[PDB]
Amino acid sequence: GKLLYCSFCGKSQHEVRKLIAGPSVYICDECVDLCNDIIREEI
Amino acid sequence: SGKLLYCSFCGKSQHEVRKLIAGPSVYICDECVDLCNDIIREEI
Ligand SMILES: [Ca+2]
Ligand SMILES: [Zn+2]
Ligand SMILES: [Zn+2]
């Protein structure tokens, strides 16, 4: 019953497909997508 | 300079992982990103 936000981009759980929770942080699917580009070094 | 940065999700330092991606006062390593992929894709 509270708005949760991606710690990287700031979007809430209501703006993304999925919001993954760490111990005290969160990351959305869009940022994970971006992380893959960074790690794989590809577009 | 010289300071240890940790993945905010698993706690590993930048010397324990391949890459540590930085956000605003938050970090995530390549291993946790791999896990996130399994979570999003809902597969193993
Ligand atoms: Ca040091
Ligand atoms: Zn995000
Ligand atoms: Zn990690």
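Sequence order for the protein chains is A and B. In terms of the UniProt record's numbering, the first sequence opens at residue 10 and continues consecutively. In terms of the UniProt record's numbering, the second sequence opens at residue 9 and continues consecutively. Each residue gets a CB set at the ideal place from its N, CA and C atoms; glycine is no exception.
Worksheet item: With 16 as the cutoff for other CB atoms within 10 Å, does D42 (chain B) come out buried or exposed?
Response: exposed
Worksheet item: For the putative contact between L28 (chain B) and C15 (chain B), defined by C-beta atoms under 8 Å, what is the C-beta separation to the nearest angstrom?
Response: 6 Å
Worksheet item: So what does DSSP say about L43 (chain A), is it helix, strand or coil?
Response: helix
Fill in: Selection of the stretch 27-41 of chain A by Cβ proximity to chain B, strictly under 8 Å
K27, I29, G31, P32, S33, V34, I36, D38, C40 and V41
Practice prompt. Find the nearest neighbour of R26 (chain B) within the set B:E39, B:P32, B:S33 and B:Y35, judged by alpha-carbon distance.
Written response: B:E39
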